[PDB]
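What follows is a single structure, written as structure tokens, with notes after it.
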Amino acid sequence: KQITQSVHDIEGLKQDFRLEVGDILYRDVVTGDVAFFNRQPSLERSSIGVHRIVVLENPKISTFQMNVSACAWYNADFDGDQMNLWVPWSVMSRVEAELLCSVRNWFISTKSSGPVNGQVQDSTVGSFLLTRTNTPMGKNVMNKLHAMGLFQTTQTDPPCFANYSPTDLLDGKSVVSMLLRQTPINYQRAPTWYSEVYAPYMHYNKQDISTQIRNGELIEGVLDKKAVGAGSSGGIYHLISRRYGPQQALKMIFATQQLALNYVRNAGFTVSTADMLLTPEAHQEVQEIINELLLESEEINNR
Amino acid sequence: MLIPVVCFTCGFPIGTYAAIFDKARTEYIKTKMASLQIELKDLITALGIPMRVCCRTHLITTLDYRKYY
Amino acid sequence: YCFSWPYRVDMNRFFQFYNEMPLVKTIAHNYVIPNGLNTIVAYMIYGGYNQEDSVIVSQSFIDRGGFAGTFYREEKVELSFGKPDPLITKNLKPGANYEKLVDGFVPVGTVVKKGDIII
Amino acid sequence: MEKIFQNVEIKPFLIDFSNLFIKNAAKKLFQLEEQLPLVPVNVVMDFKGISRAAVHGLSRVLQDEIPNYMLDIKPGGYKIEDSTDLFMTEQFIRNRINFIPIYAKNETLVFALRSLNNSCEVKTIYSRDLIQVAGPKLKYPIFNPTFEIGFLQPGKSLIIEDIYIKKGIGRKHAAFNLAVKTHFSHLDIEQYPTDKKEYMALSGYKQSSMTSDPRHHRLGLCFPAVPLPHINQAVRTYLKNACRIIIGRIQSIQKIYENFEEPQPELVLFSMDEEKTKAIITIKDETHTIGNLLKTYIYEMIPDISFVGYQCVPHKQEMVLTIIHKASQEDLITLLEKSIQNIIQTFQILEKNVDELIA
Amino acid sequence: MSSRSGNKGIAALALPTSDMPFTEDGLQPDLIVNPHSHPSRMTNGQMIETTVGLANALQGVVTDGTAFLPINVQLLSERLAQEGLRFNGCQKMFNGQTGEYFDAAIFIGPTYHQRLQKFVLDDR
Ligand SMILES: [Mg+2]
Ligand SMILES: [Zn+2]
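Okay, here's the thing in structure tokens:
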């Protein structure tokens, strides 16, 4: 109360319900408040960023929760890392936090001028699975119900599927284009999937080895680390930032992340011990290669 | 400290047969003879516990505090 | 952590109720009591909640006692023991409960909170 | 006419006393020469002409969204005396007792545990030591007597006086979990032989789940403790209760729908621009069961829908269902009401078939 | 939480029983571990432990997996096949939230896990 110049606890207010104009109320943090999020050591300019608070009303949760794609700002992982969080309470510090220190300002690295954020891990491999031309089940198609279900969690305005029958089939490139059309960009680059070391073996699909986007329509190629990966200069999120703003890129990273995650929700992705196992014929081939290296070492000894 | 009342994973009540299983396993090991390498596949089946990876894992691996203390 | 845990008074010591022998044991477990559980684990992507070394856990597995246990803290103070009388007033701790005190101490079995006074 | 719920196999899990070691152990421990009063029963149900959303919703409800009973200790019921065992803490024993599966008609039963080890070695407390002092005397036991509640060191006691029957659902605490999953398959999708190296990395089904719409399902659920002489009645009651729980939740959502002419916090309607109306329904503490059912039946009722989808974010603890359709608010509400009526009819048919089949 | 291969992990999701994925036999995980946690750190001992423990649980045995003991992952996978499972430890699995099966068979099995005594209530 500024008339008394005194601070009063909320429990001791007998008839102080006259919260009069000019006095300062200290209220709880609500969803939508901005907070400074800091991981130490603070080495980068993005080691402190301002995030919009989402209050987790579950009393059993006591962790700071963040999107996995926001970890690139702090060089953080979830193996036990701790980060400091303070909510600006002053008006000047809150205006500053919103306008200046928001993490949309650190989407492009000051150090390298490239984008910092992008898809990581599941969203990188889930974007490839979504946008690949063929699956082991045949063509990489989904029906209208599953195409709609990919956009359930994007938190954006969902596209229109009214022109699709229930039995109509949609490609993963078609549903991706439904999202990228909101921020149309032009991209043409080879994917990380296509590489010359792998090329002599494996059948590379022609539709997969050249990623092309025209006005937000992905027409060929897969989306992987080259296009959607974090720190990929010239990727789709760097382009969205250049044309529409770093805040749009952050919203597009989240939306494409949801599409990739909702796709693997049906595709499934796993690793097995048999994934690392050579066939008995290939194990003999590897043994013969090493015997060649040992003989070459042995001849050097004889010299 | 004991075999759990239910399977930790699925909630099937393995503690219904925990005591019978412990005693019967001790006897069946004592006839056979590592001790842990003797197969309890048929012993667990007789108790009515199904071929569930989770239920048979927690049944045969849970440490009994009375055995160590 | 210590088979004499209830007799001992410990600080920051966690006693886990349930322990399992590993299904794939090693020679070390012949000499140290196995601590941990043979959890069923699926190596899979499930909604992106286990990324960057995170894990999705079964809530039922938590409720059923998996990795549950008791954490202990010791409060030792040295000298008289007794609940302060209202005559002290001024020197009393601000906002402290000062209740739940019998014979100068909190009774065994009482749930204490941040505002409570113990000993 | 067709029966949605087709044949069912009900097979209890029984102890095999043909095993010498099992018979000897049961005789030496509990003097048990026969089956326990309550046995786990594996129920394998076949469903035809029904969506996967309805069958999986039934499975989810029977797992952890059906009201269920468990034994809990009232505050102050764990008597701390000088002779209490120091290893059987209230937390450990309460966890043991909570997860004893009970089959209780009556909620007004209170049990007591009064165990004292006067002998020179460790005495194990069994579930038979839970003596009942409250309510009507149990003609049939509600739990098996073979559970190991704990063990007492020599000279130690354990008194637990207020062991009452608590009600709840399993998604709030797993002690209320009812059914465990033993099988789920679709009978109208062909399967590869997955022992082949070429197919061992795939699920087995010859249709991608992103395009398949299976209507013939096999659902196998195990119930942990039903009385041995009354297996079929218990299974019937479980299935009917699940169906009526689903119907009741759907009818709550039906009430929100019908009250649309008056503003409600849980239902928001817009007319966006192109004759499209956006309906957003938000129900707190609603799970994927109802959301999936609603999305599936709205989609089946409006195949040309602009968009239908739900999100159950693990935080915010709510179900948010968004319907966008090229129709007016009243016409959209009519279609949504008719889809809800379709859901209710499906589950009422399921309940009738449950009565018809198990009998 | 950590496994015996040193792969630490922070638990951030508690799903109910009905929300967890389950196999065609109803086996569901206690922990869901990202496959992306394997390839970089090369914790293949955890994979082999899961493979062996899948057959250990079905045979009702506990086996010695000490380091430098002879290892043949091909024979362990053949043992998995002999126990009635696939050559890999992968099973047909269904999404718990929707009931839809994953197109890929999911590698699921018993891996010994430990609770590291760093508690979030102590840290926060
Ligand atoms: Mg770290
Ligand atoms: Zn189990």
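Chains A, B, C, D and E are the protein sequences, given in the same order. Sequential numbering from 9 applies to the first sequence in our numbering. Sequential numbering from 923 applies to the second sequence in our numbering. Sequential numbering from 30 applies to the third sequence in our numbering. Sequential numbering from 2 applies to the fourth sequence in our numbering. Sequential numbering from 1055 applies to the fifth sequence in our numbering. Don't be surprised by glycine CBs; every beta carbon is placed ideally from N, CA and C.
- For the set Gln349(D), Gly221(D), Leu117(D), the Cα lying nearest the Cα of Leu131(D) is the one of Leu117(D).
- Closer than 9 Å at the C-beta level to chain C, one finds these residues of the region 114-140 of chain A: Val128, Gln129, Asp130, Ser131, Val133, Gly134.
- Taken in chain order, the members of the region 99-125 of chain D whose beta-carbon sits within less than 8 Å of a beta-carbon on chain C are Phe100.
- Judged by beta-carbon spacing, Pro136(C) lies beyond the 9 Å limit of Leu985(B), meaning their Cβ atoms are not closer than that value.
- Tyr202(A) has its alpha-carbon roughly 15 Å from the corresponding atom of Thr132(A).
- Listed in chain order, the positions of the region 61-75 of chain C with a beta carbon within less than 8 Å of a beta carbon of chain B are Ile62, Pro63, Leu66, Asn67, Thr68, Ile69.
- One finds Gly1080 in chain E with Cβ atoms closer than 7 Å to the Cβ of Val181(D), taken in chain order.
- Residue list for ligand 2: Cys929(B), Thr931(B), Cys932(B), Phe934(B), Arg974(B), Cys976(B), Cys977(B) (CB closer than 6 Å to any heavy atom, chain order).
- In this structure, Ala1121(E) has its CB at a distance of at least 8 Å from all heavy atoms of ligand 1.
- Of all residues in the region 74-90 of chain C, only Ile74, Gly76, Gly77, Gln80, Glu81, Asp82, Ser83 come within less than 7 Å of chain A when Cβ atoms are compared, listed by chain position.
- Rounded to the nearest angstrom, the gap between the Cα atoms of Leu59(D) and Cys244(D) is 7 Å.
- A distance criterion of 8 Å places the beta-carbon of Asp964(B) beyond contact range of ligand 1, judged by its closest non-hydrogen atom.
- Contact annotation for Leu1108(E) against chain B: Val975 [CB-CB distance below 8 Å, chain order].
- For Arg129(D), the closest alpha carbon among the candidates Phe112(D), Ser120(D), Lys140(D) is that of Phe112(D).
- Under the three-state reduction of DSSP, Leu66(C) is assigned to strand.
- Membership of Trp81(A) in the alpha helix (DSSP H) is indicated by the continuous run 79-82.
- Within chain E, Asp1157 have C-beta atoms less than 8 Å from the C-beta of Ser209(D), given in sequence order.
- The C-beta of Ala176(D) comes closer than 9 Å to at least one C-beta of chain C.
- Taken through DSSP and simplified to helix, strand or coil, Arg1095(E) comes out as coil.
- Where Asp163(D) is concerned, the enclosing beta strand (DSSP E) starts and stops at 158-169.
- Under the three-state reduction of DSSP, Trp97(A) is assigned to coil, being neither helix nor strand.
- Counted as a single uninterrupted DSSP element, the stretch harbouring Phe1161(E) is not any alpha helix (DSSP H) but the beta strand (DSSP E) occupying residues 1160-1168.
- Under a 10 Å Cβ-count criterion, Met210(A) is classified as exposed, with fewer than 16 other Cβ atoms of the shown protein chains found around its own Cβ.
- Put simply, of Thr1105(E), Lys1146(E), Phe1173(E) the residue whose alpha carbon is nearest the alpha carbon of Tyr1155(E) is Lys1146(E).
- Looking at the backbone, the Cα of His218(D) and that of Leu72(D) are separated by about 35 Å.
- At a C-beta separation below 7 Å, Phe96(C) has these neighbours in chain E: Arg1169.
- In terms of side-chain proximity, the C-beta atom of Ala80(A) is found no nearer than 8 Å to any non-hydrogen atom of ligand 1.
- The C-beta of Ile117(C) comes no closer than 9 Å to any C-beta of chain E.
- Interface flag for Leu1123(E) against chain A is unset, since no Cβ pair is found closer than 9 Å.
- Taking a beta-carbon distance threshold of 9 Å, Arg102(A) does not count as an interface residue toward chain E.
- Per DSSP, the unbroken alpha helix (DSSP H) holding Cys977(B) starts and ends at 975-983.
- A Cβ-Cβ distance of about 6 Å is found for the pair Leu153(A) and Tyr300(D), placing them in contact under the 8 Å criterion.
- Relative to ligand 1, the beta carbon of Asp85(A) is positioned inside 8 Å of a heavy atom.
- As summarised for the region 201-262 of chain A, the continuous alpha helix (DSSP H) elements at least 4 residues long and confined to that stretch are 233-236, 244-252, given in chain order.
- For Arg172(D), the nearest beta carbon of chain C is closer than 9 Å to its own beta carbon.
- Put simply, the backbone Cα of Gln92(D) is about 32 Å away from that of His289(D).
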